[PDB]
Amino acid sequence: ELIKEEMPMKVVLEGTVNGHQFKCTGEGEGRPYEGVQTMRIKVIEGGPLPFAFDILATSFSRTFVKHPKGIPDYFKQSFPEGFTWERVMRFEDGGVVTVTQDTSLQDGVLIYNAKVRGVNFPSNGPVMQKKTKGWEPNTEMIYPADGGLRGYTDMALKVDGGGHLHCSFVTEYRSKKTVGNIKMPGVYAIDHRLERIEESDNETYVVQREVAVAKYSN
Amino acid sequence: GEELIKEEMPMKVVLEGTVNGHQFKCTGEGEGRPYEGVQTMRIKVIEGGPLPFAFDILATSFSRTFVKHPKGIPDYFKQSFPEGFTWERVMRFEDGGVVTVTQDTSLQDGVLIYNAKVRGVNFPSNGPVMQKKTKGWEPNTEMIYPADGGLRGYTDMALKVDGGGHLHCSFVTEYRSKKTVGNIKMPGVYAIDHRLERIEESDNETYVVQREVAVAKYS
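Parameters and conventions
Summary of conventions: residues on each chain are numbered from 1 in written sequence order, possibly unlike the entry numbering, and any residue without coordinates is omitted from what is shown. Key to labels: chains lettered from A, ligands numbered from 1, both in the order written. Each side-chain value is derived from all of the structure's non-hydrogen atoms; neither hydrogens nor water enter the calculation. Residues are called lining when one of their atoms sits within 4 Å of a cavity or pocket point, these points coming from a 1 Å grid over the protein atoms alone, where a cavity is a set in which a 1.4 Å probe fits but cannot get out and a pocket is an open set with protein on both sides within 12 Å along at least five of seven lines. Grid points are joined across faces, edges and corners, and a volume is the space filled by probe spheres set on the points. For helices the rule is a DSSP run of H or I covering at least 4 residues; for strands it is a run of E covering at least 2, with both sets numbered from the N terminus onward. As a working rule, the residues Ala, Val, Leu, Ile, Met, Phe, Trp, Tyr, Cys and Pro are called nonpolar, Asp, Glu, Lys and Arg charged, and the rest polar, with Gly in that last group. Polar contacts, as used here, are pairs of N or O atoms within 3.5 Å; protein pairs need one atom able to donate a hydrogen and one able to accept it. Residues neighboring in sequence count only if both atoms are side-chain atoms. Contacts are assigned to residue pairs that have any heavy atoms within 4.5 Å of one another. Pairing of aromatic side chains here covers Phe, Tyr and the six-membered ring of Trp, requires ring centres within 6.5 Å, and sorts the geometry by plane angle: under 30 degrees stacked, over 60 edge-to-face, intermediate tilted. In this scheme, a residue with accessible area under 20% of its type's maximum is buried, one over 50% is exposed, and one in between is partly exposed, where area comes from a 1.4 Å probe on protein chains only. By definition, being over a ring means that NZ of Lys or CZ of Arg is both within 6 Å of the ring centre and within 35 degrees of the ring normal. Sulfur atoms of two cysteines make up a disulfide when they are within 2.5 Å.

Asker: Got a minute to help me understand the layout of surface pockets in this structure?
Answerer: Unoccupied space between atoms shows up once a probe the size of one water molecule is rolled over them. Its volume calculated, the largest pocket comes out at about 500 Å³. Around the largest pocket, the lining is made up of 29 residues, and of these A:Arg90, B:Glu88, B:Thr100, B:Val101 and B:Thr102 lie nearest the centre. Contributing elements (two or more residues each) for the lining of the largest pocket: β4 (83-91), β9 (148-159) and β10 (164-175) of chain A together with β1 (9-19), β4 (85-93), β5 (98-108), β6 (111-121) and β10 (166-177) of chain B. Residues of the lining of the largest pocket, tallied by class, amount to eight nonpolar, ten polar and eleven charged.

Asker: Any chance you could explain the side chain of A:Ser175 here in plain terms?
Answerer: Residue and element names in this part refer to chain A. Mapped onto the secondary structure, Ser175 falls in strand β10. Engagement of the side chain of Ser175 in a polar contact is seen with the backbone nitrogen of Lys177, the distance being 3.1 Å. Not counting the four nearest positions on each side in its chain, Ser175 is found in contact with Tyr74, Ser78, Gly82, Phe83 and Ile182.

Asker: Whenever I open this one, the packing of aromatic side chains confuses me. Can you help?
Answerer: The geometry of an aromatic ring pair is captured by the separation of the ring centres together with the interplanar angle, meaning the angle of the planes. Inspection of the entire model under this criterion finds 21 aromatic pairs over all chains. A ring pair is formed by A:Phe91 and A:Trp135, whose centres lie 6.4 Å apart and whose planes are at 45°; its orientation type is tilted. Here A:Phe91 is found in strand β4, whereas its partner A:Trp135 is found in strand β7 (residues 132-135), with 44 residues between them in sequence. Residue A:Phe91 is classed as buried on the basis of its relative accessible area of 3%. A:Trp135 sits in the buried class, given a relative accessible area of 5%. An aromatic cluster of three or more residues is present, and its members are A:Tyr74, A:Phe75, A:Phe79, A:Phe83 and A:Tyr173. Directly above the aromatic system of B:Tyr35 lies the positively charged group of B:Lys78, at a separation of 5.3 Å from the ring centroid.

Asker: Just checking my understanding: could you explain the environment of B:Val38 for this structure?
Answerer: All names here are of chain B. Relative to the helices and strands, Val38 is located in strand β3 (residues 38-47). Residue classification places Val38 among the partly exposed positions, given a relative accessible area of 28%. Along the primary structure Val38 and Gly48 are separated by ten residues, whereas in three dimensions their C-alpha atoms are 30 Å apart. Residues within four places of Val38 in sequence aside, it is in contact with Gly32, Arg33, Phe66, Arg211, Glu212 and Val213.

Asker: Whenever I open this one, the state of the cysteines confuses me. Can you help?
Answerer: As used here, a disulfide is simply a covalent bond connecting the sulfur atoms of two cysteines. Taken as a whole, this structure holds zero disulfides over all chains when the rule is applied. Left unpaired, A:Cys167 is separated from the closest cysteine sulfur, that of A:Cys24, by 18 Å. No disulfide involves B:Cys169; its sulfur sits 18 Å from that of B:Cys26, the nearest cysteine.

Below you can see the structure in the form of structure tokens.
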């Protein structure tokens, strides 16, 4: 109900990848009930990144998922308190990313605060060499748990040449709402497509749009 | 498949890896009762011992063939023979430690052959694991979901710490049959109660004996 038909965001993401420190800010808007959102991102410190921005792209938004009538919306129900998500991204080439994020709501604005630690990226890998060309459309599996959701996607990062780099994404979503009932969903699936709209100054500025739609699985 | 899994089976295991850049190799021999859900492993750290970390984070990577399945729950694991199955796991500790695991289970001349590669990273130097202040895992429940011909396993584990605390760890496991031709009867959602217990250790944990009880039930 505090999640309006049109909602704006402000995001701050910081971390280390291999040893390289950076800080990013974003502002954006979208239609949480239609499942669309756009983000304007700046690398404000440590830019240009000596690695593909694609490994950060997925860490800038699950409030903006179109849920059919019959699938309860864990994300939208989490307000005003919001929810946290924790992710491990396991790259086939040996790279690992750990992500901690806080989603909150302040004065009608969604506030995202993400911390990121990447380690063991092959210095010769496509990521550290910036030879990546975006993520494939994909589907995330959602499994309920004691006061939370578990998220699984086998993701494919496109490489120069037309190869893919395999990466398992696995996420813990947890409401910060501890009192009052959330209606829990069963298992379902979220088709998500993230597309880069625009980049400049060696990827220190990026515009991206995500379209996400929930569906019945089993 | 289920015919090749006898009421007693032995196993042999190689486990190799790196934790926070420290390299090691472990071998194991053991045996168990797959339909009763009991198994025992005698493990040796044969290279890079004593480990500058708690064996407990490796313990859990040394066996789902040995899970007591009631008649009504199809046993994905026993059905996967003689090809056997692979499992892939992420263990995230609340204190930042992360372990990535790849394992190959195969059957050779009536012996189960385990091969595991382990990659630990971001264990805090001052944390209970790197400080070897752990006292084994709590009994816990794994949720099993079917996923496109494989299974996904989710446990929220608790590693006991010196002084009565716990270090909390999420486990995600992708299990995948190497049986590509032939049909496997897929289970629905179910649960596995699993208790891993250290029986015996010596020589600064370069020799460890552990037993696991694992029993499937409806969810």
